[PDB]
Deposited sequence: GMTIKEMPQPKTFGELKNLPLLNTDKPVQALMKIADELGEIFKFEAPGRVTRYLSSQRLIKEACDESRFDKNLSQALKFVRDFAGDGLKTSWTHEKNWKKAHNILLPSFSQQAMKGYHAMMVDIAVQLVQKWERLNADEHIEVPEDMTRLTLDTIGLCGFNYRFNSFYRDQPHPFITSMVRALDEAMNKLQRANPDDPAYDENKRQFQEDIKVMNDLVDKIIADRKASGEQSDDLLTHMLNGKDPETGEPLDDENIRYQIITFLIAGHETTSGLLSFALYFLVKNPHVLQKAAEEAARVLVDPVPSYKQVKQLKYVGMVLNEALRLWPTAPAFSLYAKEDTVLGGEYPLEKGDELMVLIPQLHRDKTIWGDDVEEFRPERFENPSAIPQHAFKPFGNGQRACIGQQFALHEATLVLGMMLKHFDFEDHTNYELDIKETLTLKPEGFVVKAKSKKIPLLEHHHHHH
């Protein structure tokens, strides 16, 4: 019925040069602003469709009609993440098998065992900031990445990256980041030689984490059995899961903490409510698990930060069979879709006309949010298995940050969103004035 719009083309390259830019997600958002809820995007050897409305995305989230597709970004991540959970197809045997084995270690109930090690790294962050000299500022995304990397290293694998003891990030991050950089750079197109060297460095630490082998993920991956097949994970897939969780378990989370702190200092009314809750609830020197679940408004702050800037800003789907999207866009079996999460979260027909404003009170009552309107952690059985982990860590850390310091946007920072495969506010810096509450 309806003919789909399409952005400007570049001859034989079609739409591909539109992604030859350092902020491709923000470029795709602007195109969505111009073209609406759906537009076709073409590249040599590829056709996909970018969805932006809750009306169409709720249909795309029907798992009986659409399954997770590996985007080109995920295909490049697969080169070192293998058939780990995030880069495996749903129909590959190792997805469901690893899913069954690892889901128990990610329950809201499983966070109780991780909590103490999360506090360990969180205290290290607070002490660094307590120990700054007068007029010394904080590099927010840099320190958040220190925290989330160390948290997943310790909580997941009882490995200490000791990022707060370094200026130059761990030998694993640079290789991982340069691999991730080559993955994203390849989308926008001796790099091949460096790509393999970085992959070896990652496989090097992974076999080092494994070699000597607690209350962590590595235990379940070495001892857990899939109740379906009765099998445990084989050694090859275990390595891929370790690589997967080290990546997936840190960078989207540090972005979330970075954006949350940005929005707080840009909205002092909100920071006051959040800081009062942290002070009222976190009455002990070390926060407990139960106290963290009580940080309701802090959780609302985090969800609203995820609304405006979801740090994993898209996911891909393919049609399981011939079907019609929205009653006017017919699709053939295998046709691909892209869900543009930042645009979905700005659907005025869902959230009202003031979508760009940071208002955590949108999330005061979760039942008021329509289905599939809010998708920062993906969809269905392929949703983010680490969702509860990420939110408990971020709630704990932001709560501790708000309890122990007042924050100043001393440079009046202008939001600049650096894009890798994830989003971060580049150059975000603050000053912290300690409230002198002991640990």
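The deposited chain is incompletely modelled, with C-alpha atoms absent over 1-3, 193-201, 226-231, 458-465.
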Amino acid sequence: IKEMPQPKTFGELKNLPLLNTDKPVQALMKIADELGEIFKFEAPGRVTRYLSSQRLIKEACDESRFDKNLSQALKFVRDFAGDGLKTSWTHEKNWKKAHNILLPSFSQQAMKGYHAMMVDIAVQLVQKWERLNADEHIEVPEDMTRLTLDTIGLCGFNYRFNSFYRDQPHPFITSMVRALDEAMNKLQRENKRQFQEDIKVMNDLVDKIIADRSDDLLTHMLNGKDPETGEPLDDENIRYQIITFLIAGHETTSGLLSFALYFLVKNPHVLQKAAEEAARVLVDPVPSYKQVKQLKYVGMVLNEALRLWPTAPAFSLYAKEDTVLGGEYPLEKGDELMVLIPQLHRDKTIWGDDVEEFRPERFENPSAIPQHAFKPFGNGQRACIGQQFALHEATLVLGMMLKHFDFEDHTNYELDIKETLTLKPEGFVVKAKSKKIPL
From here on, numbers count along this sequence of modelled residues.
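For the segment pair 153-161 and 168-176, the entry gives 168-176 the higher mean B-factor, averaged over Cα atoms.
The mean Cα B-factor in the deposited entry runs higher for 236-244 than for the other of 87-95 and 236-244. Each of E361, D143, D207, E130 has a CA temperature factor in the record; the biggest one is found at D207.
Among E139, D347, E190, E276, the highest C-alpha B-factor in the deposited entry belongs to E190. When all modelled residues of the chain are sorted by CA temperature factor, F263 is found within the lowest third.
When all modelled residues of the chain are sorted by CA temperature factor, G36 is found within the middle third. Annotation for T311: CA B-factor lies in the lowest third of the chain's modelled residues. In the PDB entry, a CA B factor belonging to the middle third of its chain's modelled residues is recorded for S53. In the deposited entry, the Cα temperature factor of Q194 sits in the top third of values across the chain's modelled residues.
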